[PDB]
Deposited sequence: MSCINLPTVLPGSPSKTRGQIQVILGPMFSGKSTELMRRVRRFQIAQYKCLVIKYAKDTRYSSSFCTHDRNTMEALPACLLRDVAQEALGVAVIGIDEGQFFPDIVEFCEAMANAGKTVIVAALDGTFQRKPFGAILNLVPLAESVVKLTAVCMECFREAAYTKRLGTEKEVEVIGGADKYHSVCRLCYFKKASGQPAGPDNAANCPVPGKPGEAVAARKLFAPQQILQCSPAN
């Protein structure tokens, strides 16, 4: 019996660290694990499309995807793997800097056995944060960056 777990949150909330905590519990217990990272940001492979790691993923028990929002192919990938009998764990930002859905990641929710959304700390007033604020003027969805270009932010701070 396979499954899909989803780990949502803004930036700076530790989504990857949670994905890995989870994946490692299976590894220290001698399951074959694979962990897939977005090329542009136990086996561990960088990728831009999940097709590039599908045949490899078929040969393991536990799959982790970091930054799932960047993988247009993610919903079909996960559903097939889980139906293949694999444990699939996905870290993905829930929203863009506009607080809109980020890629195809939320269509994973109806298919997932578990869903959680983690918390950051507001970089502007130090309450809990659920959103990511883009600090500059660019308006395209994909702008790779860290605390240089982005602030994890609460609702008040978001709208300042």
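- Annotation: deposited residues 1-17, 59-72, 192-234 are not represented by C-alpha coordinates in the model.
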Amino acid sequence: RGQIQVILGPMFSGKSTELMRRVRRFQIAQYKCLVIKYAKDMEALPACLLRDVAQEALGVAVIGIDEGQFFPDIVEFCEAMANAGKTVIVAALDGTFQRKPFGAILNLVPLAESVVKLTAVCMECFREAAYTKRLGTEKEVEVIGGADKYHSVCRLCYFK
From here on, numbers count along this sequence of modelled residues.
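- Comparing 18-26 with 139-147, the stretch with the higher mean C-alpha B-factor in the PDB entry is 139-147.
- With 3-11 and 151-159 compared on mean CA B-factor from the PDB entry, the stretch scoring higher is 151-159.
- Going by the entry's values, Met42 shows the largest Cα B-factor out of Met42, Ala112, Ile65, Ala120.
- The entry lists a Cα temperature factor for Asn107 that places it in the middle third of the chain's modelled residues.
- In the deposited entry, the Cα temperature factor of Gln55 places it in the highest third of its chain's modelled residues.
- Sorting the modelled residues of the chain by their CA temperature factor places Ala92 in the lowest third.
- Split the chain's modelled residues into thirds by C-alpha temperature factor. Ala130 is in the lowest one.
- When the CA B factors of the chain's modelled residues are split into thirds, the value for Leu34 lands in the middle one.
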